[PDB]
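Observations on chain architecture
As a plain string of letters, each chain reads:
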Amino acid sequence: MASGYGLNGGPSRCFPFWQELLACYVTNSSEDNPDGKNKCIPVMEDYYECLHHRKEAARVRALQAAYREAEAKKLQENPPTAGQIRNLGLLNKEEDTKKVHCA
Amino acid sequence: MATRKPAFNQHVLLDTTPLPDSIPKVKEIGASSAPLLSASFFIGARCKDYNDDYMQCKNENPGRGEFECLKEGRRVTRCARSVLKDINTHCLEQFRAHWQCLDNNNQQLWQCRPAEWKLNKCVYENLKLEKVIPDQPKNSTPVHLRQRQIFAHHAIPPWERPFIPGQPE
Amino acid sequence: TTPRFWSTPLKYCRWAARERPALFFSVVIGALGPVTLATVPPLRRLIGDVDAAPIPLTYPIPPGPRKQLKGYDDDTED
Amino acid sequence: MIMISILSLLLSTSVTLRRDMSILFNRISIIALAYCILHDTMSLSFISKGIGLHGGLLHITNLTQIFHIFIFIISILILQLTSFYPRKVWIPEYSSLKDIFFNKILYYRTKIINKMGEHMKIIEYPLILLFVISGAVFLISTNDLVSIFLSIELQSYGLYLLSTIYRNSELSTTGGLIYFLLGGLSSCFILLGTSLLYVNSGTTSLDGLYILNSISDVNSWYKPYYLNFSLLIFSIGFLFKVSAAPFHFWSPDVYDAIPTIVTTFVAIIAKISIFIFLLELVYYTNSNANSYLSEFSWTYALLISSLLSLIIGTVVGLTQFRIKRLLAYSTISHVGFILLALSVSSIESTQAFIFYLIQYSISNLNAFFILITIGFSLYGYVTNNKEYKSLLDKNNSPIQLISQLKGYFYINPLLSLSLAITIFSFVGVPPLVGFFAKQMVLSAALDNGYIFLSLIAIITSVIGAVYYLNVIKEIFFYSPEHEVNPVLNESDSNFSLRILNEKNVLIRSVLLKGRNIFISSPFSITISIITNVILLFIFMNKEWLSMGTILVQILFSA
Amino acid sequence: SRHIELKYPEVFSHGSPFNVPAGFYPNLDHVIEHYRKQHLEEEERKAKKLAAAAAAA
Amino acid sequence: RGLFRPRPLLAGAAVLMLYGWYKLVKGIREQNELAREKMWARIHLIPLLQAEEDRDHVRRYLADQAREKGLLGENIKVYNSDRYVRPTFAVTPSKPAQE
Amino acid sequence: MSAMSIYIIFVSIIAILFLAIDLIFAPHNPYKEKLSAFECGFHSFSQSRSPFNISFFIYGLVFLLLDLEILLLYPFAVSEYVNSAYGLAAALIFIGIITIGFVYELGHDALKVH
Amino acid sequence: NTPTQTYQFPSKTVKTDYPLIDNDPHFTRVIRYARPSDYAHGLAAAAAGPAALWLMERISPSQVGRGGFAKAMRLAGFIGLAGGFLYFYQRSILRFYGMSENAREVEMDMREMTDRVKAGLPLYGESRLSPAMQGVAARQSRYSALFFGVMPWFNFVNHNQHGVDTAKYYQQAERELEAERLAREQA
């Protein structure tokens, strides 16, 4: 988040989103123009979105129910086996990789 | 997907969708971890400018450089396939001896110095490629050019000499 | 019987060494660190011992403008 | 400097088990707090709403430095009660400047000065007080959520340890126990308040929290609800610590149980530091544009507490027969005025808040000195009241009853008028400083539409004035129940005093009685100064009131 | 005032110096320009006031 | 019995402890240098490895943008900014591979 | 499955296997005086569930705080290369303030039961 | 040559009555730029502490045992000396901060630095610390003498983050170098 110091010794994931919001505030707000900080409204929403993921969880949720209902309606002929997915990209398994790609 | 290390992963998701015809296609690097570490100093001896150009491109497009530096990335991949092929047309016994040693030694360079010295000499006399590590102390001999390794589980044979280019045997 | 430190500091140090060694030598050992910090680094540099440069713990991004390279372009694939 | 003084005093205390060193450890702590004032005065040559220090974790404001110096000066005055003996043999024969600086007086003084009293034998007492000052001073300067928690604990823990410092007292152990347990519950609300702020905003700096609150104030997925009701839980834990109703049940019980000299520091300092910290947090989080967030302001708790504290403080004090159970209820009604001034966030309300908090601290300090001095003055007085023989911890709390002060005008008339002026200043009677404080808060709240709370406040003041007048009725309307000790003034028993010169040579020897024993000057001069400030505030008002005008202008400027 | 001035503007210099992804930190060149101007404006303003006192010698 | 005299044991202890501190200076100095070599070897590999990873991310992002404009008809904007954000959540099928 | 989890499984089943064998294959003849408290042969007052005097409780109070202090030093020992001189200084100030509290414990003879 | 950039870090502007020289001046600079009054005031302030405890003893004897007052003077001596030095340090650094009259300090700073710039030496010296640890140190100690009464702190790091644009120093040195070259021609 806003600190800039993450779990691995590298920087926090939502630090770019926070630095952009502070940069926006200092570079738009002032006493001369109080309402310049309305420029920060989308920037402040992105910082919260990076933090809690409510908007992205709502997008995937709608997309995932839409995707699955199309899969059931979709015509099915032959499902790849688990072992066939494992074979994709190997040294001498050209037959399986082709089957995975329907080619 | 997130850079967080998973604690309860039980499933892998794969996408069989290919990159669109618009983006040029680059064949990916086929070397494994042991061959890539054995040739890493050679990567940077030839590909440093492109390796450094792709990183400065991404820093010039903060938050967006994945999409906006795809050509510099294609260039680094090509530069790196060039050295690999070069290390394969020449010096292939030496290259294999080094990275096959590295896999049995936790991929620790100090545990395979005799195979590194043999390969480094063969890469130097067929590619003009030298191993250079920046900011090593000048008071002491470089660690990769040292006869005795203190952390090596097996002592280095007295008859195995480090490879210093230029000076003869 | 026991010496007072401010009455005679050198006598107190002998008594503390002999009669309270664990506490007295704790202060000596602990004080030796700040004495090491103040004296060794100058002597180390006097004799030419050089503190090494830090090892890189992030990709070393070079400074200055990009180098405008020409090589390994798309047409070089095949 | 406060920490260097703590560490240096702790190193000397660590090598001594001598209890005769307590008076001198206290005198050195007064010198140490005077260096902190010199450093803080030197730091006052800048104009700014705040400068982040030490990695943004701390900050300095002109308001910050004024309040630290006030905390350091109040602390020097309270420290006087453990750095000077309560009674002094004074003789006209030993009264010149030459006599004081070049002549010595020898007499048996262990009993007359109470050399081996409990307030003169605790070695670590000025050391634990410095710890509370340090916690109070950091809390004013805190800039971060984690900084806030650590500083309020450093303040709170030392206040628990001061309440239990009289280990051989069952009353002090109980007040310490109640205060620690209920204050630990208070900190669990503060920690939950800070945690919910960090958990929802991702940041731990208040400076970042202020910007999120400011952007948010406009006129769909992340509404900043958490700020107001994380700050509400945060505020409830601090309303306990200042003893605002309905979180005030503890202070009447604890203040009455702990020793009086201890109650003076415990009941004054924490209020100064907490209300200053809350002041700047009330200003930044105010929404200048009314919206749905304004409907849920955490500052509404401050109005409930002021409304309740005004009502609870004045009413429950009506039937209090214990003098220290009465002072606590008096404070509870005064923090209602402070809370109401703090809740109206206006230039006039902020000047009123700054001035009310300083003047009540000096005035409530005067009350405690008079109480402590009236007790020490009963050494040459004797009583036969069945009620005054059943009181417990009479050494730690010499005066515990309002009735024990009955007829004190006939024992010490001018010390009684000093208390009368201080009490009348708590009522709000002109032309005393307490009237001007109360009417400034009434002004600001009248000008901002808080008419209903102004009506409540004036009605409660008449209710609160009833028990104030009962104290004054006991001191002046009835005869004393305390008579002069017949043995200490008998014209047949006297102690002999020798007056020596610069080198141990007798000048003259004098035979002295109990009428030659008086209150020590550090406590009479202090009461004399604060009484005179209260009385003649209408002539010395300009610099003091102008200080608060400038501090508030800076806070509201730019 | 409804505008917050950071008491600690040096928070813009925070962030870990290790394990940094390329293209991770946002460019703050406009931010540094701002603070440069505030400093140059304050010192400029101070330089005028002290010169006025010399003129009134 | 001088095997138990305090002075020669104090002497031999000071020698052993001074010798082992000498060997520790050399060891850590060598290891900090070995650490420098491991990090420069990693640094040369970072731009070819990250480039392959970025091609995979652009490819998976583009696919999901195409999948949404089919399934949901249009694309939903999670972030106001144009910056790529690595996904916290991904659409998954209702069943794993049958095995 | 991980070795660590399997290790916990085995040590638990060894604790059960030994316990089960005794609970099944040993004689069990509990009677009044067998089930009594040992007191060297003579019954006495049962006082082990009544408040008892611990003369070393001041050592437990100090142990809790010092346990917290050496825990606040473990991050330093695993972060010395980055901390360097600037971080060493703060860690020395931290140790120095803690040592003064220990000097208070030694000088006041808190740890000197007689 | 010209570093092409003279303000690299975002600093805090404080309203003060005099020019800001350094928001984080090195320890040695504070001692070197100290006026002789600063040693007069700091010595008087250090003597005040034990002298206060002496006067309290003469007028109102504590009645302590034989060795107590000597012990108490040793604490009062140190605490006075500790607060006296903190007072001596604050007087010099307020001038660096522009929070006290600093014409003399402003002129010695504009000479010492332009001497380092014409010599090619770094303005504020070389750190053995990393450039990020230098920043943490600048951030920790800038304006830290204003908290001396509570927590003290001193700058012992040769960092390059001092809150001032360095362009004035480079401008004067080149003009001074411009004047030097013309003067050397007539020889």
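Residues numbered from 1 in each chain as written, not as in the entry; some residues may be left out. Chains lettered and ligands numbered in written order. Part of a larger assembly, values for the part shown. Heavy atoms only, no water. Residues with missing side-chain atoms left out of burial classes, pairs and counts.

Looking at the method and resolution fields of the entry, one finds cryo-EM and 2.83 Å.

1. Observations regarding the state of the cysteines
Residue and element names in this part refer to chain A. Tallying each qualifying case throughout the model produces four disulfides over all chains. Note that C14 is cross-linked by a disulfide to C50, the S-S spacing being 2.0 Å. Taking the sign of the S-S torsion, about -105° here, the bridge from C14 to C50 comes out left-handed. With a gap of 36 residues between them, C14 in the segment before α1 (15-28) and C50 in helix α2 (residues 40-52) connect regions that are remote in the sequence. The class for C14 is buried, based on a relative accessible area of 1%. (Disulfide = S-S within 2.5 Å. Helix = DSSP H or I, 4+ residues; strand = E, 2+ residues; numbered from the N terminus. Buried < 20%, exposed > 50% of the residue type's maximum accessible area, 1.4 Å probe, protein only.)

2. Some points on the arrangement of the chains
Counting contacts across all 20 pairs of chains found in contact, the highest total belongs to chains D and H. The two partners chain A and chain C share no contact, and the minimum distance between any of their C-alpha atoms is 9 Å. With no contact between them, chain B and chain H keep their nearest C-alpha atoms 14 Å apart. (Contact = heavy atoms within 4.5 Å.)

3. So, the pattern of salt bridges
Residue and element names in this part refer to chain H. Evaluation of the coordinates by the stated rule reveals 61 salt bridges over all chains. With a shortest N-O distance of 2.6 Å, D38 and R95 are connected by a salt bridge. Note that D38 is positioned in helix α2 (residues 36-59) and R95 in helix α3 (residues 68-97), a separation of 57 residues in sequence. No difference in accessibility class separates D38 from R95, as the two residues are buried. (Salt bridge = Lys/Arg side-chain N within 4 Å of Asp/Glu carboxyl O.)

4. Looking at the packing of aromatic side chains
Taken as a whole and assessed by the stated rule, the structure comprises 62 aromatic pairs over all chains. Each ring, one from B:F67 and one from F:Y84, has its centre 5.4 Å from the other, and the planes form 65°; the classification is edge-to-face. Taken as a pair, B:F67 in helix α3 (residues 65-68) and F:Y84 in the segment after α1 (6-71) lie in two separate chains rather than in one. Here B:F67 and F:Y84 have matching classes, each one buried. Here D:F240 and D:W250 contribute two aromatic rings whose centre-to-centre distance is 5.1 Å and whose plane-to-plane angle is 25°, an arrangement assigned as stacked. Taken as a pair, D:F240 in helix α10 (residues 225-241) and D:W250 in helix α11 (residues 250-257) lie far apart in primary sequence, 10 residues in all. For the pair D:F240 and D:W250, one class covers both residues: buried. One aromatic cluster in this structure is built from H:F27, H:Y39, H:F85, H:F88, H:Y89, H:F148, H:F154 and H:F156. Positioned above the aromatic ring of B:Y124 is the side chain of B:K128, whose terminal nitrogen or guanidinium carbon lies 5.6 Å from the ring centre. Here F:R83 stacks its cationic end above the ring of A:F17, 4.8 Å away from the centre of that ring. (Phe/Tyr/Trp six-rings, centres within 6.5 Å; stacked < 30°, edge-to-face > 60°. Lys NZ or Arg CZ within 6 Å of the ring centre and 35° of its normal.)

5. Some words on helix α4 (residues 103-118) of chain H
Residue and element names in this part refer to chain H. Look at α4: 22 Å from first C-alpha to last across 16 residues, which is about the 22 Å you get at 1.5 Å a residue. Within the span of α4, buried status applies to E105, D109, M110, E112, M113, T114 and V117. Of the surrounding elements, those touching the buried residues of α4 are α1 (27-32), α3 and α6 (167-185). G120 occupies a position one or two residues after α4 and carries a positive phi of about 80°. (Expected span 1.5 Å × (residues − 1).)

6. Section: the packing of helix α15 (residues 323-343) of chain D against helix α16 (residues 347-376) of chain D
Residues and elements named next belong to chain D. At a minimum axis distance of 9 Å, the contact between α15 and α16 shows a crossing angle of 170°. Looking at the two axes, α15 sits roughly antiparallel to α16. Every residue of α16 that contacts α15 at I323, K324, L327, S330, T331, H334, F337, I338, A341 and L342 is listed here: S349, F353, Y356, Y360, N364, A367, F368 and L371. In terms of residue class, the contact of α15 with α16 is built from 12 nonpolar, five polar and one charged. (Axes fitted to C-alpha atoms, helices over the stretch in contact; angles between N-to-C directions. Parallel < 35°, antiparallel > 145°, perpendicular 65-115°, else oblique. Nonpolar A, V, L, I, M, F, W, Y, C, P; charged D, E, K, R; others polar.)

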